[PDB]
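Presented below, as structure tokens, is a lone chain in the form deposited in one PDB entry.
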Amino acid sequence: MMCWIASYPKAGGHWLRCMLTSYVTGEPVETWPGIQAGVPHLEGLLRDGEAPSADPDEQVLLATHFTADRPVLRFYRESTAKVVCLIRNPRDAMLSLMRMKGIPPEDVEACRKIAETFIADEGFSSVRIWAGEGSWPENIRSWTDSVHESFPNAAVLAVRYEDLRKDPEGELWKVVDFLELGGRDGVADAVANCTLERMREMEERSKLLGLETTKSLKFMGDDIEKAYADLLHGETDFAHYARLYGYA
């Protein structure tokens, strides 16, 4: 059966794909593309026209930011067994885009714009970079409560970025355990292999070799703060999920 590491953009997908990869190898991650090798990002494979077999006879780990109901995933309708659903504070993802796009904390105009757009979009829908990811809630809902509308044989484990941070080895082991990947000894090591430090290192090595790669809201605030809290406490699905996952 087939398994998805599903995550909205910026939720820490690379990080967790890193750990899972190193846990399966038990060997560190020597090279940035090593991550795409271990837990392929679906979008990456489709870009070069790869597309893994529907119903493998042995367990397979894939990752994606697609919402769970994008047509392309329909090929995996019956074979999808399990889904780790990686979630992080929507406030932080928004801040994340900002660092991402360039933009120091100062250029308010720049950032105010992105934040207002984020807010009316309830997530990244207007951002050219990703596609078929939906709004934060759309995406999460799709991989969780309504997961069975796309993958009827599917069990799901939600994991919060924030929880992985507080305690990487406990949380990861929960994912390992869930995925039936093995022991717990591997977990300690695997965690270590993928550290802000390691990841930055592992990253720029490969960049240099010529290889393929990639606070809070006070500043800019007063009213961009007001618009957020107003959305973060509405009757919408964004607010629902922010409440449910302790971003409230």
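One-based numbering along the sequence shown.
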Discussion item. Does at least a third of the other compared PDB entries (those resolving both flanking residues) leave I103 without coordinates?
Written reply: yes
Practice prompt. Check whether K215 goes without coordinates in at least a third of the other compared PDB entries of this protein that model residues on both sides of it.
Written response: yes
Response to the item:
What lies unmodelled of the deposited sequence between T214 and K215 amounts to 10 or more
Item to complete: Could you settle it for me: does 104 to 112 or 148 to 156 have the higher average Cα B factor in the PDB entry?
Response: 104 to 112
Worksheet entry | Which of 227 to 235 and 12 to 20 has higher mean CA B factor, as the PDB entry lists it | 227 to 235
Worksheet item: Based on the PDB record, which member of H41, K207, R70, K218 exhibits the highest Cα temperature factor?
Response: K218
Discussion item. Ranking every modelled residue in this chain by its Cα temperature factor as given in the entry, which third contains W4?
Written reply: lowest
Response to the item:
In terms of its chain's C-alpha B-factors, the third that includes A37 is the lowest
Item to complete: Taking the values exactly as deposited, rank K82 by C-alpha B-factor within its chain and report the matching third: lowest, middle or highest.
Response: lowest
Practice prompt. For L181, return the chain-relative third of its C-alpha B-factor as stated in the PDB record: lowest, middle or highest.
Written response: middle
Practice prompt. Determine, from the deposited record, the chain-internal third of the Cα B-factor for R99: lowest, middle or highest.
Written response: highest
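Another form, the form solved in complex with a partner chain, is not on view; read the next lines as being about it.
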Worksheet item: Where does the partner chain sit in the bound PDB entry: which of 152 to 160, 107 to 115, 90 to 98, 123 to 131, heavy atoms within 4.5 Å?
Response: 123 to 131
Discussion item. Although the partner isn't part of this model, could you tell me whether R198 comes within 4.5 Å of the partner chain in the bound PDB entry, counting any heavy atom of the residue?
Written reply: no
Item to complete: Using a 4.5 Å heavy atom cut-off, state whether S216 contacts the partner chain in the bound PDB entry.
Response: no
Practice prompt. Please run the contact check for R17 against the partner chain in the bound PDB entry: heavy atoms, 4.5 angstroms, yes or no?
Written response: yes
Practice prompt. Answer with yes or no whether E43 is in contact with the partner chain in the bound PDB entry, where contact means some heavy atom within 4.5 Å.
Written response: yes
